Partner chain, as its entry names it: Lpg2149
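Single chain ahead, written as structure tokens, the form deposited without its partner chain.
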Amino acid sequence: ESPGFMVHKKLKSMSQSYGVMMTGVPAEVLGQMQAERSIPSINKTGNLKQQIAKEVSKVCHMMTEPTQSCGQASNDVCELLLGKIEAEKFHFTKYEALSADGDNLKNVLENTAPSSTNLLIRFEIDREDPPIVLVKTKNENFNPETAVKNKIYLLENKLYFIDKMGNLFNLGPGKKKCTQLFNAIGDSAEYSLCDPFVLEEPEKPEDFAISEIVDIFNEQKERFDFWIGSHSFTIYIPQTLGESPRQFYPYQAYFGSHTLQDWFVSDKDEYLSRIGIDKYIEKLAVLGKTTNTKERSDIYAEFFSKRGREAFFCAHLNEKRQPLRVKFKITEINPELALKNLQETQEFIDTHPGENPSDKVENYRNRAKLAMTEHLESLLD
């Protein structure tokens, strides 16, 4: 077996056995940082001992549930395979959009010697999520720091768009014009920006006001970014031995569904590997090109669901109804460095008391809970 493949075998075996321990963070450090993240949620004029018990329970619940994000798992894979410094450089490298057929990624792989290179690809899937409602609100009741994000807001004297991140965009009209639009619209709580009867066949003055706001917004759409992160994952392509066929392995977590450990325990990496990298890329290109909800949902579920949940993952309420796009970035891996990083993680794990891996994970969890509780009690007196 090639050194590059040993990286995959060891990363998979270690994640299957040790789960959360693979981050390498000492349990006391994790527990203290959990406490400090919980402090802003404790009302200090209230019952302190009861709130602390509540916050500790909430976090320790999450430690036994699928609460690893896809981005966290990708960050861990990249740090283990690249080391901290090079992973930081990888993080600042730009993503490239996958071409409509996937050719740009396919040709990069064809231009690399399968026997001579170890490749790590990081993928990001974005969904297109523009605002869909207009909110009319008096200036007195509008706080841009608290207002719901990804909506257009019409005040007496301002027309705003608050984006996904909470950035506040003045859409242009002056006070006189905003006042006019404000008083031309009725008193409903919200108004749709997508109504095709209102937009194409406007027949009331309110229809014309809303349609004018939509026009104003559409005219400057290149100021905004409507895309938001949907999923993150990595693919590792280790060097081949001799004339052996090149193989790829996808790695991921999916918050609320499964952790990276779950993923490896289910062998969905090996399952998907068997379709071949070319077919995998082709389906990704379809994912980022289709307009069909059913086809988008089916591919998303096939590639990214917890194993065995492919039929439900994107069913009904969870259908993928918005456009998606796929972007990627790629780097070579030094297998000697990756195997050294993995061995140093193994040495950190080996120091935890516990006969079986499951015993060591429980030791880690119990020490993080103790550290969290003592740190919370200390900080609050």
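Take the two forms, superpose them, and find the largest set of C-alpha atoms that agree within 1.5 Å; that set is the rigid core. Residue numbers count along the first chain shown, from 1.
Chemist: Does at least a third of the other compared PDB entries (those resolving both flanking residues) leave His316 without coordinates?
Modeler: Yes; at least one third of the other entries leave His316 out.
Chemist: Does a third or more of the other compared entries skip modelling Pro114?
Modeler: Across the compared entries, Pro114 is modelled every time.
Chemist: Name the higher of the two by mean Cα B-factor in the PDB entry, 298 to 306 versus 142 to 150.
Modeler: Stretch with the greater average CA B-factor: 142 to 150.
Chemist: Which has the higher mean CA temperature factor in the PDB entry, 248 to 256 or 115 to 123?
Modeler: Averaged over C-alpha atoms, the B-factors run higher in 115 to 123.
Chemist: Select one of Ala189, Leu171, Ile237, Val265: the residue whose C-alpha shows the highest B-factor in the crystal structure entry.
Modeler: The listed residue with the largest C-alpha B-factor is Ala189.
Chemist: Specify which of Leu109, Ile216, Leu272, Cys78 carries the largest Cα B factor in the deposited PDB entry.
Modeler: That would be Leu109, according to the entry.
Chemist: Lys136: which third of its chain by C-alpha temperature factor?
Modeler: For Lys136, the deposited C-alpha B-factor lands in the middle third.
Chemist: When the modelled residues of the chain are sorted by Cα temperature factor, does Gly229 land in the lowest, middle or highest third?
Modeler: Middle third of the chain for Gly229's C-alpha B-factor.
Chemist: Quick one: classify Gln68 as lowest, middle or highest third of the chain based on its Cα B-factor.
Modeler: Lowest third of the chain for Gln68's C-alpha B-factor.
Chemist: Is the Cα B-factor recorded for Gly46 in the lowest, middle or highest third of its chain?
Modeler: CA B-factor rank for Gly46: highest third.
Chemist: Among the modelled residues of this chain, does the Cα B factor of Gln261 put it in the lowest, middle or highest third?
Modeler: Its C-alpha B-factor, which the entry lists for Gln261, ranks in the lowest third among residues of this chain.
From this point on, the text means the form deposited with its partner chain bound, which you will not see here.
Chemist: Based on heavy atom distances of at most 4.5 Å to its partner chain in the entry with it bound, which listed stretch, 68 to 76, 109 to 117, 274 to 282, 287 to 295, is the contact stretch?
Modeler: Result for this chain: 68 to 76.
Chemist: Can we say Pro26, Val29 and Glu344 each have a non-hydrogen atom within 4.5 Å of its partner chain in the entry with it bound?
Modeler: Every residue of the spot touches its partner chain in the entry with it bound.
Chemist: With its partner chain left out of view, which of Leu241, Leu168, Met165, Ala189 would have a heavy atom within 4.5 Å of it in the entry with it bound?
Modeler: Flagged contact: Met165.
Chemist: Among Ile237, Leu80, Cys178, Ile152, which has any heavy atom within 4.5 Å of its partner chain in the entry with it bound?
Modeler: Spelling it out, the residue with a heavy atom inside the cut-off is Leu80.
Chemist: Given that the partner is absent here, does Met22 sit within 4.5 Å of its partner chain in the entry with it bound, heavy atoms only?
Modeler: Yes.
Chemist: May I ask you to state whether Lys138 is within 4.5 Å of its partner chain in the entry with it bound, using heavy atom distances?
Modeler: Judged by the heavy-atom cut-off of 4.5 Å, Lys138 is well away from its partner chain in the entry with it bound.
Chemist: I'd like to know whether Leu379 contacts its partner chain in the entry with it bound, with contact meaning heavy atoms within 4.5 angstroms.
Modeler: Although its partner chain is absent here, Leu379 would touch it in the entry with it bound, with heavy atoms inside 4.5 Å.
Chemist: So in the entry with it bound, does any heavy atom of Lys84 sit within 4.5 Å of its partner chain?
Modeler: Answer yes; at least one heavy atom of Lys84 falls within 4.5 Å of its partner chain in the entry with it bound.
Chemist: Which of the listed residues (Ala87, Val133, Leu109, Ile299) moves its Cα by 2 Å or more between this form and the one not shown when the core is kept in place?
Modeler: The only residue crossing the 2 Å threshold is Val133.
Chemist: Any chance the CA of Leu370 moves 2 angstroms or more between this form and the one not shown, core superposed?
Modeler: True for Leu370: a C-alpha shift of 2 Å or more.
Chemist: Taking the rigid core as the reference frame, is the Cα of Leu159 displaced by 2 Å or more between this form and the one not shown?
Modeler: Passes the 2 Å threshold, so yes.
Chemist: Quick one: once the rigid core is lined up, does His61 have its C-alpha move by 2 Å or more between this form and the one not shown?
Modeler: Shift of 2 Å or more: yes.
Chemist: With a shift of at least 3 angstroms, figure out whether the C-alpha spacing between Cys70 and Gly166 grows or shrinks in the entry with it bound: closer or farther?
Modeler: Pair moves farther apart in the entry with it bound.
Chemist: Classify the change in Cα distance between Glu222 and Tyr300 in the entry with it bound as closer or farther, relative to the shown form (magnitude of 3 Å or more).
Modeler: Their C-alpha distance shrinks by at least 3 Å in the entry with it bound.
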